[PDB]
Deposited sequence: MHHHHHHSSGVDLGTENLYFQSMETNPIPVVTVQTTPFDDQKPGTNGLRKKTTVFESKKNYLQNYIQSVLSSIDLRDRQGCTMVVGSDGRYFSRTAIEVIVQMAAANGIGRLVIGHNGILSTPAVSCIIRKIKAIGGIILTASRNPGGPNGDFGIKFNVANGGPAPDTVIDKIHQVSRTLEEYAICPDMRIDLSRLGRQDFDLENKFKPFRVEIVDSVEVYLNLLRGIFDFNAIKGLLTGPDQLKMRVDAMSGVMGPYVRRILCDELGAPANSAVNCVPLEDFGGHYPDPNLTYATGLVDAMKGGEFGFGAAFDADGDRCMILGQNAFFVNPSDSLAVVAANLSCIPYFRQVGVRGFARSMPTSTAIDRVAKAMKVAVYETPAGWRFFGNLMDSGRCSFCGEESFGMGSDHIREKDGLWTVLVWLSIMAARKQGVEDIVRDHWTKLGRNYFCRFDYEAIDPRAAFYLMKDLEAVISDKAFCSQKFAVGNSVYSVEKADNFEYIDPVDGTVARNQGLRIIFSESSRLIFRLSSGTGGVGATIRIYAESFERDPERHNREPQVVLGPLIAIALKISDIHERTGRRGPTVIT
């Protein structure tokens, strides 16, 4: 028994609604066109309710949730609705970033730091922002990582059947002022608490214990200072770059580019790659900078560029960092438990894992599966070919972490980006790698393309086949439709990519990702000869690409005669 006082209690409102059929989140949350969440009636409310209902009402009552966004248009409105419906659903406290700004890694860090039950991240990553752009809602769980396939099924089940939802429509929240905002609610004893927190502080504190900030600051300052351009692409990472790389680590202000978060990302796709980070590439090509980097909208993906815009392939970045973790105080003290990569990612890191005698895991695309490997201590470091890298310091990929680990390696090795990569190739060989994206193709054609290709590579005699393109020859070693049985919780992921492994240390992978679908073709060829480590990837891999387009017959089936994007 307890007694207390209230003043002007905010009422709770129940609303009759109708379920939607498509409110199941994908691998990176539920993404729709912004107008769907903004104007389709009760669409936003239905999904927030379903997300909150996926938490046991006894664990839910009096719990804490973290909320953050990448800053895109509509984020503030979604946050307000989220606050009004968390209050109405018995949530004890919300920790929200200043101005609604929290990077995906920061959310993951804060969830774990304060032992929250989970968090909602409002981001559509690389996809454009604005009224006619895209909007997404990610849900992370208590370990700070993406929701497992089991919680997704729960969220879906509730969304299909949701008949009502609860909300406090009269509640208003000010995201601009740091500090606590308590609310007396009808039928709630304890006041409902909203903490507006600095977007960067707690996340920065985590990094300060991981890295040697003195070594990094020495690299960025002094007469022999690294000249550097870091482009947050007008997304969430702006304040993180300024507060951490400039203020704390001493980088000059002109190193921070597009570091004002914008609701439309400045009218550009917040996608860190050679195709869309054209401003960074043009600056790096001038030859004036020894290090470049771009982040995506929510700050978990990162492109690394060397002097003269030397492109560090994400699969090479993974292997290079894995081979130099000893340069980092964190890993010197806690050790390296194991590595993990998504199956489409190049096998470069596998060669590092072999030399170091550490386990390497091969997972489906998506960070969901790295989390169990980290939670169980099987893995300490992992990454994906899609510009993603991370460690067990959180349960999300981390772009700024990727920059700091690279700077730490450069400072400790007294070398630039290109020399580190080329030395790495000399030591272990080079895994030539590229990815073709065929975007927004007829999902009907995509279906039959994969169905037919799966039948081809599954034929009994396919392992006895060999292919010739010009003077090059490739002999099928094994081929399958990739499957992953989670070694921790037993989750089974089927149809995770068609894979052809050739005898001549080469691979082809086919993955099927609005209405349209995306087919991704990955090609990999290993080169041991150190004198053949400066060929153009499209030349080395041309033959394998030709095989891919032929056996898949993608150009005919889709009417395209070329990929949309090449990485």
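Novice: What ranges of the deposited sequence, counted from 1, have no C-alpha atoms in this structure?
Specialist: Counting from residue 1, the stretches without coordinates are 1 to 18, 532 to 535.
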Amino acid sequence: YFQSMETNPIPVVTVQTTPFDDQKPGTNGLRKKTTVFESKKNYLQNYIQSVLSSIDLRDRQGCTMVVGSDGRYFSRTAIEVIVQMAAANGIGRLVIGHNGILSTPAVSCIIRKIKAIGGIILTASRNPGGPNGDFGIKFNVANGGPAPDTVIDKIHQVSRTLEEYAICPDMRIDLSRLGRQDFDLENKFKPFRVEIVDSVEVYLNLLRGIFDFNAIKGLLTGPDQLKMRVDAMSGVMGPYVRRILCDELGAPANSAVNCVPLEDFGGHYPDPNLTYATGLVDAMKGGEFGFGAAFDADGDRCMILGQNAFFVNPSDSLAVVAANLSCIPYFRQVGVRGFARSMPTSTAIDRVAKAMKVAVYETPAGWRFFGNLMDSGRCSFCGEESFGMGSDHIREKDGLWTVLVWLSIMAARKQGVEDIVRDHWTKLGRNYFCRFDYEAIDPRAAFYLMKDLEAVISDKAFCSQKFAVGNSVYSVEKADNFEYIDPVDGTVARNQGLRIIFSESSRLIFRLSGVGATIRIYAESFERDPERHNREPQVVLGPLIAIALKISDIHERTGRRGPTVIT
From here on, numbers count along this sequence of modelled residues.
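Novice: In the PDB record, does 200 to 208 or 407 to 415 carry the higher mean Cα temperature factor?
Specialist: Comparing 200 to 208 with 407 to 415, the higher average CA B-factor belongs to 407 to 415.
Novice: Look over 455 to 463 and 339 to 347 in the entry and identify the one with the greater average Cα temperature factor.
Specialist: Between 339 to 347 and 455 to 463, it is 455 to 463 that shows the higher mean C-alpha B-factor.
Novice: Hey, out of 143, 161, 386, 372, whose CA B-factor is highest in the deposited coordinates?
Specialist: Among 143, 161, 386, 372, the highest C-alpha B-factor in the entry belongs to 161.
Novice: Which listed residue, 221, 258, 324, 481, has the largest C-alpha temperature factor in the record?
Specialist: Out of 221, 258, 324, 481, the record gives the largest C-alpha B-factor to 221.
Novice: Per the entry's values, where does residue 307 land by CA temperature factor relative to the rest of its chain, in the lowest, middle or highest third?
Specialist: Middle third by C-alpha B-factor.
Novice: Relative to the other modelled residues of the same chain, rank the CA B-factor of residue 67 and answer lowest, middle or highest third.
Specialist: It falls in the bottom third of the chain.
Novice: Would the CA B-factor of residue 502 place it in the lowest, middle or highest third of its chain?
Specialist: Residue 502: CA B-factor falls in the middle third of its chain.
Novice: Within this chain, which third does the Cα B-factor at residue 80 fall in: lowest, middle or highest?
Specialist: Its C-alpha B-factor belongs to the middle third of this chain's values.
Novice: Determine, from the deposited record, the chain-internal third of the Cα B-factor for residue 509: lowest, middle or highest.
Specialist: Its C-alpha B-factor, which the entry lists for residue 509, ranks in the lowest third among residues of this chain.
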